[PDB]
Amino acid sequence: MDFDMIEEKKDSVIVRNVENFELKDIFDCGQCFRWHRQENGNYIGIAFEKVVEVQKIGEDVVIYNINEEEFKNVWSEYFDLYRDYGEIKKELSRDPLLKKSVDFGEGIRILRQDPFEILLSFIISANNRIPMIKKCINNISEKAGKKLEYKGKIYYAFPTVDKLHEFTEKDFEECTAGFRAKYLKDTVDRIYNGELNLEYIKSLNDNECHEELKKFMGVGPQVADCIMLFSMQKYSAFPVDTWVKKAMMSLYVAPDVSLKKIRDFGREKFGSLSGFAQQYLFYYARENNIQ
DNA sequence: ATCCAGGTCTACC
DNA sequence: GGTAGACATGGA
Ligand code: NA
């Protein structure tokens, strides 16, 4: 557990003595799309049909708009607070080549996000830029999500499966998924009619989970790894996108090695900590725009 | 401009 | 089971 205790306030909860927890590292490392940095350094996000604001002050984290019951049943796990990241970093740091990346993203934690939202979010991520991905996800939410109110503004929850099933390919194109619109529609249809079951897929071991996810149109090896890592906690995942590819070619492999070979290399070397190693590498590579 | 961005699908061998 | 071209969008 990377925290001591919690104090329930009137309109917030204070998590005391949190370790390995930095807002920029967590919300900007590439894993999430609905968290927005505020002028004061706080971040406001929309997840699980709730609007939450997070502030870090010294060794404490203040989570606004939630109570103690919600922290225990939803948010403590959302921020993966029961895992000791000190041990993860210690193990990974034994590899000198990973040290600089780990040091750069010491406050990273892998959030435990919703499978349905993550599935669609990363289908949208294919050959796309994060700012555009965020816009598309927010548009989809504004178009059919439930209204949430927080500090004078109305936010929109991610749509339910039933509401998203009402989308036509054109609707997705309007939220602008581009050519990915057909993939989103086909995928929502398969979820709606029960062809593929996310709860069942999430219960499968890492390799089997990966294989089932690729059955979805628009989901390949990279998107499947992102989905199982970010919403199913399958930590042997090693999503190789353009940035992780660059990071690996700088440290472990030659420039002509295929993405499949890079994925296999990483999973063999990092094992059960592959997903974590991947995040530190991605964050360092993208933030420092390595060439 | 050509390329790139959290790649995948298709066609092909 | 391993590789070229197509596929939208917008920033640089
Ligand atoms: Na697929």
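Reminder, nothing fancy here: chain letters follow the sequence lines and each chain counts from 1.
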Inset, instruction - Just do the salt bridge (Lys or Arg N to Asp or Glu O under 4.0 Å) check on A:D225 and A:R263 with the steps written out, would you? - result: CA-CA 10 Å; A:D225 269 351; A:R263 177 179 188 265; 2.7 Å; yes
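Judged by distance alone, with hydrogens and angles left aside, the side-chain atoms of A:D206 form a donor-acceptor pair with the main-chain N or O of A:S236 at under 3.5 Å.
Taking the six-membered ring where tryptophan is involved, the planes of A:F33 and A:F122 are tilted, since the angle between them lies from 30° to 60°.
Within 4.0 Å of A:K246, counting heavy atoms only, lie sugar-phosphate atoms of the nucleic acid but no base atom. A:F282 comes within contact range of at least one nucleobase, with a heavy-atom separation under 4.0 Å. Among the protein residues, A:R286 comes within range of the sugar-phosphate backbone only, with heavy atoms under 4.0 Å from sugar or phosphate atoms but none that close to a base. A:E173 comes within 4.0 angstrom of no nucleic acid atom, judged by non-hydrogen atoms across all strands.
In this structure, A:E69 places its CD atom where more than 12 heavy-atom neighbours from other residues, nucleotides or ligands lie under 6.0 Å away.
Not a single donor-acceptor contact under 3.5 angstrom links the side-chain atoms of A:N128 to the base of B:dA5.
DNA chain C is contacted by no residue of residues 211-227 of chain A, taking any non-hydrogen atom closer than 4.0 Å.
A:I154 shares a hydrophobic cluster with A:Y156; the chain of contacts runs through ILVMFWY side chains whose heavy atoms sit under 4.5 Å apart.
Atom pair A:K245:NZ and B:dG7:P shows a separation of 11 Å (rounding to whole Å applied).
If you walk DNA chain C from 5' to 3' and mark each nucleotide with an atom closer than 4.0 Å to a heavy atom of chain A, the marks span C:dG2 to C:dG11.
Using a cutoff of 4.0 Å between basic side-chain nitrogens and carboxylate oxygens, A:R16 and A:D4 are not scored as salt-bridged.
The nearest pair of heavy atoms linking A:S274 to A:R267 is OG-CA, 3.4 Å.
Each of A:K147, A:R34, A:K146 was compared with A:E49 under the salt bridge (charged side-chain N to carboxylate O under 4.0 Å, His left out) criterion, and only A:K146 meets it.
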